[PDB]
Every structure is written in structure tokens, then in C-alpha cells.
$ cat input-v3.pdb   # PDB, C-alpha atoms (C1' of nucleotides)
MODEL        1
ATOM      1  CA  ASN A  14      27.105   8.167  -1.303  1.00  0.00           C
ATOM      2  CA  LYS A  15      26.901   5.203  -3.661  1.00  0.00           C
ATOM      3  CA  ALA A  16      26.152   2.700  -0.882  1.00  0.00           C
ATOM      4  CA  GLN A  17      24.050   5.052   1.260  1.00  0.00           C
ATOM      5  CA  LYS A  18      21.325   4.803  -1.395  1.00  0.00           C
ATOM      6  CA  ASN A  19      21.568   1.005  -1.669  1.00  0.00           C
ATOM      7  CA  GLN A  20      20.993   0.479   2.053  1.00  0.00           C
ATOM      8  CA  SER A  21      17.780   2.488   1.704  1.00  0.00           C
ATOM      9  CA  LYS A  22      16.605   0.175  -1.073  1.00  0.00           C
ATOM     10  CA  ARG A  23      17.399  -2.921   0.998  1.00  0.00           C
ATOM     11  CA  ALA A  24      15.782  -1.365   4.076  1.00  0.00           C
ATOM     12  CA  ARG A  25      12.718  -0.932   1.868  1.00  0.00           C
ATOM     13  CA  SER A  26      12.881  -4.558   0.705  1.00  0.00           C
ATOM     14  CA  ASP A  27      12.980  -5.746   4.315  1.00  0.00           C
ATOM     15  CA  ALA A  28      10.048  -3.440   5.011  1.00  0.00           C
ATOM     16  CA  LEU A  29       7.913  -4.726   2.130  1.00  0.00           C
ATOM     17  CA  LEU A  30       8.950  -8.338   2.753  1.00  0.00           C
ATOM     18  CA  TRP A  31       7.879  -7.970   6.382  1.00  0.00           C
ATOM     19  CA  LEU A  32       4.480  -6.746   5.174  1.00  0.00           C
ATOM     20  CA  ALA A  33       4.115  -9.655   2.746  1.00  0.00           C
ATOM     21  CA  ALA A  34       5.039 -12.134   5.495  1.00  0.00           C
ATOM     22  CA  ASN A  35       2.721 -10.846   8.245  1.00  0.00           C
ATOM     23  CA  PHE A  36      -0.166  -9.539   6.083  1.00  0.00           C
ATOM     24  CA  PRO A  37      -0.088 -11.792   3.007  1.00  0.00           C
ATOM     25  CA  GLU A  38      -3.749 -11.297   2.108  1.00  0.00           C
ATOM     26  CA  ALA A  39      -2.810  -7.704   1.174  1.00  0.00           C
ATOM     27  CA  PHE A  40       0.903  -7.538   0.287  1.00  0.00           C
ATOM     28  CA  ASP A  41       1.817 -11.088  -0.842  1.00  0.00           C
ATOM     29  CA  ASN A  42       1.594 -10.437  -4.572  1.00  0.00           C
ATOM     30  CA  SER A  43       2.525 -14.028  -5.432  1.00  0.00           C
ATOM     31  CA  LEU A  44      -1.033 -15.138  -4.629  1.00  0.00           C
ATOM     32  CA  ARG A  45      -2.859 -12.095  -6.048  1.00  0.00           C
ATOM     33  CA  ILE A  46      -2.954  -8.293  -6.071  1.00  0.00           C
ATOM     34  CA  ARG A  47      -6.073  -6.594  -4.725  1.00  0.00           C
ATOM     35  CA  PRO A  48      -7.051  -2.991  -3.934  1.00  0.00           C
ATOM     36  CA  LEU A  49      -6.195  -1.922  -0.392  1.00  0.00           C
ATOM     37  CA  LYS A  50      -8.539  -0.351   2.157  1.00  0.00           C
ATOM     38  CA  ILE A  51      -8.518   3.443   2.208  1.00  0.00           C
ATOM     39  CA  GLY A  52      -6.384   4.313   5.219  1.00  0.00           C
ATOM     40  CA  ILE A  53      -4.598   0.955   5.347  1.00  0.00           C
ATOM     41  CA  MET A  54      -1.483   2.876   6.382  1.00  0.00           C
ATOM     42  CA  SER A  55      -3.096   3.672   9.728  1.00  0.00           C
ATOM     43  CA  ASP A  56      -3.850  -0.034  10.232  1.00  0.00           C
ATOM     44  CA  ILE A  57      -0.259  -0.992   9.364  1.00  0.00           C
ATOM     45  CA  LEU A  58       1.303   1.499  11.792  1.00  0.00           C
ATOM     46  CA  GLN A  59      -0.669  -0.075  14.644  1.00  0.00           C
ATOM     47  CA  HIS A  60       1.844  -2.929  14.208  1.00  0.00           C
ATOM     48  CA  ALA A  61       4.884  -0.635  14.212  1.00  0.00           C
ATOM     49  CA  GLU A  62       6.122  -2.253  17.431  1.00  0.00           C
ATOM     50  CA  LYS A  63       5.974  -5.771  15.967  1.00  0.00           C
ATOM     51  CA  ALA A  64       7.867  -4.564  12.879  1.00  0.00           C
ATOM     52  CA  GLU A  65      10.528  -2.714  14.885  1.00  0.00           C
ATOM     53  CA  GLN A  66      11.466  -5.987  16.600  1.00  0.00           C
ATOM     54  CA  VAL A  67      13.006  -7.040  13.256  1.00  0.00           C
ATOM     55  CA  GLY A  68      14.492  -3.677  12.236  1.00  0.00           C
ATOM     56  CA  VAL A  69      11.635  -2.241  10.148  1.00  0.00           C
ATOM     57  CA  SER A  70      10.922   1.421  10.893  1.00  0.00           C
ATOM     58  CA  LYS A  71       7.670   3.340  10.510  1.00  0.00           C
ATOM     59  CA  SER A  72       9.121   5.534   7.754  1.00  0.00           C
ATOM     60  CA  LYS A  73      10.260   2.401   5.899  1.00  0.00           C
ATOM     61  CA  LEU A  74       6.823   0.798   6.101  1.00  0.00           C
ATOM     62  CA  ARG A  75       5.458   3.957   4.477  1.00  0.00           C
ATOM     63  CA  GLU A  76       8.181   3.898   1.809  1.00  0.00           C
ATOM     64  CA  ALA A  77       7.278   0.254   1.100  1.00  0.00           C
ATOM     65  CA  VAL A  78       3.523   0.711   0.678  1.00  0.00           C
ATOM     66  CA  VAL A  79       4.378   3.553  -1.712  1.00  0.00           C
ATOM     67  CA  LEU A  80       6.513   1.209  -3.805  1.00  0.00           C
ATOM     68  CA  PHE A  81       3.811  -1.467  -3.631  1.00  0.00           C
ATOM     69  CA  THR A  82       1.037   0.860  -4.833  1.00  0.00           C
ATOM     70  CA  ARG A  83       2.980   2.583  -7.635  1.00  0.00           C
ATOM     71  CA  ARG A  84       3.625  -0.704  -9.441  1.00  0.00           C
ATOM     72  CA  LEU A  85       1.762  -1.031 -12.721  1.00  0.00           C
ATOM     73  CA  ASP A  86       0.113  -4.250 -11.539  1.00  0.00           C
ATOM     74  CA  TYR A  87      -1.458  -2.491  -8.558  1.00  0.00           C
ATOM     75  CA  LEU A  88      -2.787   0.397 -10.650  1.00  0.00           C
ATOM     76  CA  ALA A  89      -4.035  -2.231 -13.109  1.00  0.00           C
ATOM     77  CA  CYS A  90      -6.313  -3.871 -10.505  1.00  0.00           C
ATOM     78  CA  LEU A  91      -7.940  -0.548  -9.496  1.00  0.00           C
ATOM     79  CA  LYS A  92     -11.029  -1.182 -11.599  1.00  0.00           C
ATOM     80  CA  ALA A  93     -14.416   0.397 -10.997  1.00  0.00           C
ATOM     81  CA  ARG A  94     -16.216  -1.312  -8.109  1.00  0.00           C
ATOM     82  CA  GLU A  95     -13.439  -3.775  -7.297  1.00  0.00           C
ATOM     83  CA  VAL A  96     -13.391  -4.635  -3.606  1.00  0.00           C
ATOM     84  CA  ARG A  97     -10.889  -2.939  -1.322  1.00  0.00           C
ATOM     85  CA  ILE A  98      -9.624  -5.306   1.373  1.00  0.00           C
ATOM     86  CA  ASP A  99      -8.115  -4.823   4.813  1.00  0.00           C
ATOM     87  CA  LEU A 100      -4.915  -6.496   6.018  1.00  0.00           C
ATOM     88  CA  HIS A 101      -6.752  -9.860   6.235  1.00  0.00           C
ATOM     89  CA  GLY A 102      -8.546  -9.881   2.868  1.00  0.00           C
ATOM     90  CA  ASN A 103     -11.918  -8.857   4.306  1.00  0.00           C
ATOM     91  CA  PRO A 104     -14.178  -6.648   2.149  1.00  0.00           C
ATOM     92  CA  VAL A 105     -14.515  -3.120   3.518  1.00  0.00           C
ATOM     93  CA  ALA A 106     -15.253  -0.802   0.586  1.00  0.00           C
ATOM     94  CA  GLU A 107     -15.456  -0.457  -3.196  1.00  0.00           C
ATOM     95  CA  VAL A 108     -13.343   1.398  -5.761  1.00  0.00           C
ATOM     96  CA  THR A 109     -15.093   4.544  -6.988  1.00  0.00           C
ATOM     97  CA  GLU A 110     -15.391   5.581 -10.626  1.00  0.00           C
ATOM     98  CA  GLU A 111     -13.030   8.532 -10.112  1.00  0.00           C
ATOM     99  CA  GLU A 112     -10.365   6.398  -8.448  1.00  0.00           C
ATOM    100  CA  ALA A 113     -10.561   3.855 -11.271  1.00  0.00           C
ATOM    101  CA  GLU A 114     -10.134   6.536 -13.940  1.00  0.00           C
ATOM    102  CA  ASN A 115      -7.214   8.205 -12.155  1.00  0.00           C
ATOM    103  CA  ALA A 116      -5.475   4.820 -12.086  1.00  0.00           C
ATOM    104  CA  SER A 117      -5.809   4.042 -15.789  1.00  0.00           C
ATOM    105  CA  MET A 118      -4.625   7.609 -16.373  1.00  0.00           C
ATOM    106  CA  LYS A 119      -1.442   6.976 -14.379  1.00  0.00           C
ATOM    107  CA  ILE A 120      -0.887   3.752 -16.331  1.00  0.00           C
ATOM    108  CA  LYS A 121      -1.158   5.498 -19.701  1.00  0.00           C
ATOM    109  CA  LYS A 122       1.199   8.252 -18.521  1.00  0.00           C
ATOM    110  CA  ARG A 123       3.780   5.591 -17.669  1.00  0.00           C
ATOM    111  CA  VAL A 124       5.263   3.939 -20.762  1.00  0.00           C
TER     112      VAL A 124
ATOM    113  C1'   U B   1       2.883  15.926  -0.252  1.00  0.00           C
ATOM    114  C1'   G B   2       4.672  19.117   3.364  1.00  0.00           C
ATOM    115  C1'   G B   3       7.335  19.879   8.253  1.00  0.00           C
ATOM    116  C1'   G B   4      10.966  18.680  12.471  1.00  0.00           C
ATOM    117  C1'   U B   5      15.404  16.478  13.949  1.00  0.00           C
ATOM    118  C1'   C B   6      20.326  13.806  13.703  1.00  0.00           C
ATOM    119  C1'   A B   7      24.637  12.209  10.471  1.00  0.00           C
ATOM    120  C1'   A B   8      27.870  12.866   6.088  1.00  0.00           C
ATOM    121  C1'   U B   9      29.996  16.035   1.846  1.00  0.00           C
ATOM    122  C1'   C B  10      30.229  20.837  -0.083  1.00  0.00           C
ATOM    123  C1'   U B  11      29.977  26.326  -0.050  1.00  0.00           C
ATOM    124  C1'   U B  12      30.778  32.489  -3.460  1.00  0.00           C
ATOM    125  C1'   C B  13      29.844  31.059   3.849  1.00  0.00           C
ATOM    126  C1'   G B  14      23.921  33.787   2.036  1.00  0.00           C
ATOM    127  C1'   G B  15      23.631  28.121   1.821  1.00  0.00           C
ATOM    128  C1'   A B  16      23.058  23.672  -0.980  1.00  0.00           C
ATOM    129  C1'   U B  17      22.952  18.087  -1.640  1.00  0.00           C
ATOM    130  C1'   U B  18      22.609  12.646   0.175  1.00  0.00           C
ATOM    131  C1'   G B  19      20.999   9.276   4.057  1.00  0.00           C
ATOM    132  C1'   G B  20      18.647   7.593   9.039  1.00  0.00           C
ATOM    133  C1'   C B  21      14.538   8.460  12.423  1.00  0.00           C
ATOM    134  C1'   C B  22       9.419  10.923  13.820  1.00  0.00           C
ATOM    135  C1'   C B  23       4.856  13.683  12.536  1.00  0.00           C
ATOM    136  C1'   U B  24       1.812  14.500   8.268  1.00  0.00           C
ATOM    137  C1'   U B  25      -0.619  14.074   2.910  1.00  0.00           C
ATOM    138  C1'   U B  26      -7.996  11.778  -2.340  1.00  0.00           C
ATOM    139  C1'   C B  27      -6.760   7.562  -5.052  1.00  0.00           C
ATOM    140  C1'   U B  28      -2.209   3.685   1.362  1.00  0.00           C
TER     141        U B  28
ENDMDL
END

$ encode --input "input-v3.pdb" --output "C-alpha cells"
Amino acid sequence: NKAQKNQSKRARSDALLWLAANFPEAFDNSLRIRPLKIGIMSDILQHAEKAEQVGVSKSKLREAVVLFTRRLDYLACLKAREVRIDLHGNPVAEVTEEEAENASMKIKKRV
RNA sequence: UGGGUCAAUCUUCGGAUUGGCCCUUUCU
């Protein structure tokens, strides 16, 4: 049971690393972190076949975006009227006042 | 966030827990 939980963490690394390698404008946090389009998960799962070719499952792509968006740095960039971007960095929407408040609320809760 | 399914351990045998995969959920 000790190792069965480690393989899930590594399977989630591989999942998030695959996202950062194929869609860097959104998930390569070395360059920058920016708000993601609402419904980006649907756009990502349209590439589920290309990700399966390297071992990354649909459920693990979901588990990776969850990890990516619960980081404090992601919640910290959810500021009112910051641009949400698609998988290629293109502007598609803006962050609403409610969404910006809920984020700063989650940040305060943590820590 | 909920649901299905397979595998492992356990059970006071009513069940419970961990993990894989699929569907699904305002801030993805």
C-alpha cells in the first residue's frame, strides 16, 4: 500500500509534465502562470489520444489540472479582470469579480 | 463533486479501506 500511492503521484507527474510539454502557454509554469479558460478540461481531453500514446490517461490529466490549479501561485494570479487563456495563450475571457474573491479567500484559508 | 467498473487487503460477513481505468462536477 506504501508504493501503490507513490505510483499515483508519479503517474500524476507524467500527466502534468505532458501538459507542460505539449501546451506550454498554459501549463509551463517556468515561463509564467496565467488563468485558464473556463472549460479548458474539455479542450485537453480532445487530445486524450495523443496523451495515451505516452501512458497518460484521461483520469490522470484531470488529476493533474487539479494539482496545477490548487497551487497557491495559480490562485494568486486569479485577479479581477485578468485574462483567461486557452491552451495556446490566446485571450478568450476575463476573470469575474466573484471568481477573484473566491480565490483570495482560498489563499487566506490556506496557511 | 458524485457515479460505474476491475485489482489488492480486511471483516463482527451487514461490509469497510487503498489503487488503476471511464463518465461527470461555478471558480479546469

$ interface_residues --input "input-v3.pdb" --of "chain A" --to "chain B" --cutoff "9 Å" --atoms "all atoms listed in the file" --output "count of residues only"
23

$ resolve_selection --input "input-v3.pdb" --expression "the PyMOL selection byres ((chain A and resi 40) around 10)" --output "MDAnalysis selection string"
chainID A and resid 29:39 41:47 49 78 81:82 100:101

$ axis_aligned_box --input "input-v3.pdb" --around "segment 32-48 of chain A" --padding-each-side "4 Å" --output "AutoDock Vina command-line options"
--center_x -1.0 --center_y -9.1 --center_z 1.1 --size_x 20.1 --size_y 20.1 --size_z 22.3

$ residues_around --input "input-v3.pdb" --residues "residue 89 of chain A" --least-positions-apart "5" --cutoff "9 Å" --atoms "all atoms listed in the file" --output "ChimeraX atom specification"
/A:84,116-117,120

$ write_last_selection --input "input-v3.pdb" --atoms "C-alpha atoms" --output "PDB file, in the coordinates of the input"
ATOM      1  CA  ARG A  84       3.625  -0.704  -9.441  1.00  0.00           C
ATOM      2  CA  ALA A 116      -5.475   4.820 -12.086  1.00  0.00           C
ATOM      3  CA  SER A 117      -5.809   4.042 -15.789  1.00  0.00           C
ATOM      4  CA  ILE A 120      -0.887   3.752 -16.331  1.00  0.00           C
TER       5      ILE A 120
END

$ atom_distance --input "input-v3.pdb" --atom1 "atom CA of residue 48 of chain A" --atom2 "atom CA of residue 91 of chain A"
6.1 Å

$ atom_distance --input "input-v3.pdb" --atom1 "atom CA of residue 61 of chain A" --atom2 "atom CA of residue 22 of chain A"
19.3 Å

$ atom_distance --input "input-v3.pdb" --atom1 "atom CA of residue 110 of chain A" --atom2 "atom CA of residue 86 of chain A"
18.4 Å

$ resolve_selection --input "input-v3.pdb" --expression "the PyMOL selection byres ((chain A and resi 68) around 12)" --output "MDAnalysis selection string"
chainID A and resid 23:28 30:31 61:67 69:74

$ write_last_selection --input "input-v3.pdb" --atoms "C-alpha atoms" --output "compact mmCIF listing (two decimals), keeping the file's coordinate frame"
# COMPACT_ATOMS: atom_id res chain seq x y z
CA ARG A 23 17.40 -2.92 1.00
CA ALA A 24 15.78 -1.36 4.08
CA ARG A 25 12.72 -0.93 1.87
CA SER A 26 12.88 -4.56 0.70
CA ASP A 27 12.98 -5.75 4.32
CA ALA A 28 10.05 -3.44 5.01
CA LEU A 30 8.95 -8.34 2.75
CA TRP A 31 7.88 -7.97 6.38
CA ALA A 61 4.88 -0.64 14.21
CA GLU A 62 6.12 -2.25 17.43
CA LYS A 63 5.97 -5.77 15.97
CA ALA A 64 7.87 -4.56 12.88
CA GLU A 65 10.53 -2.71 14.88
CA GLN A 66 11.47 -5.99 16.60
CA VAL A 67 13.01 -7.04 13.26
CA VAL A 69 11.64 -2.24 10.15
CA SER A 70 10.92 1.42 10.89
CA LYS A 71 7.67 3.34 10.51
CA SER A 72 9.12 5.53 7.75
CA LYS A 73 10.26 2.40 5.90
CA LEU A 74 6.82 0.80 6.10

$ decode --input "input-v3.pdb" --residues "segment 20-49 of chain A" --atoms "C-alpha atoms" --output "PDB file, in the first residue's frame"
ATOM      1  CA  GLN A  20       2.901   5.337  -8.416  1.00  0.00           C
ATOM      2  CA  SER A  21      -0.209   7.529  -8.458  1.00  0.00           C
ATOM      3  CA  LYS A  22       1.902  10.584  -7.651  1.00  0.00           C
ATOM      4  CA  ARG A  23       4.398   9.742 -10.403  1.00  0.00           C
ATOM      5  CA  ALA A  24       1.567   8.987 -12.837  1.00  0.00           C
ATOM      6  CA  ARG A  25       0.326  12.481 -12.000  1.00  0.00           C
ATOM      7  CA  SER A  26       3.777  13.990 -12.582  1.00  0.00           C
ATOM      8  CA  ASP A  27       3.947  12.357 -16.012  1.00  0.00           C
ATOM      9  CA  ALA A  28       0.456  13.692 -16.669  1.00  0.00           C
ATOM     10  CA  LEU A  29       1.275  17.281 -15.688  1.00  0.00           C
ATOM     11  CA  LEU A  30       4.678  17.149 -17.393  1.00  0.00           C
ATOM     12  CA  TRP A  31       2.976  16.004 -20.594  1.00  0.00           C
ATOM     13  CA  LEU A  32       0.661  19.019 -20.350  1.00  0.00           C
ATOM     14  CA  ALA A  33       3.568  21.410 -19.786  1.00  0.00           C
ATOM     15  CA  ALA A  34       5.431  19.933 -22.769  1.00  0.00           C
ATOM     16  CA  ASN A  35       2.586  19.988 -25.319  1.00  0.00           C
ATOM     17  CA  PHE A  36       0.671  23.067 -24.068  1.00  0.00           C
ATOM     18  CA  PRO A  37       3.383  25.256 -22.519  1.00  0.00           C
ATOM     19  CA  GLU A  38       1.490  28.526 -22.946  1.00  0.00           C
ATOM     20  CA  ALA A  39      -0.907  27.240 -20.251  1.00  0.00           C
ATOM     21  CA  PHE A  40       0.885  24.675 -18.058  1.00  0.00           C
ATOM     22  CA  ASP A  41       4.610  25.542 -18.353  1.00  0.00           C
ATOM     23  CA  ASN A  42       4.870  27.489 -15.109  1.00  0.00           C
ATOM     24  CA  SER A  43       8.571  28.212 -15.635  1.00  0.00           C
ATOM     25  CA  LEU A  44       7.676  30.965 -18.117  1.00  0.00           C
ATOM     26  CA  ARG A  45       4.589  32.309 -16.309  1.00  0.00           C
ATOM     27  CA  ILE A  46       1.310  31.317 -14.655  1.00  0.00           C
ATOM     28  CA  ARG A  47      -1.910  32.634 -16.180  1.00  0.00           C
ATOM     29  CA  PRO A  48      -5.625  31.981 -15.610  1.00  0.00           C
ATOM     30  CA  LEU A  49      -7.013  29.135 -17.706  1.00  0.00           C
TER      31      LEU A  49
END
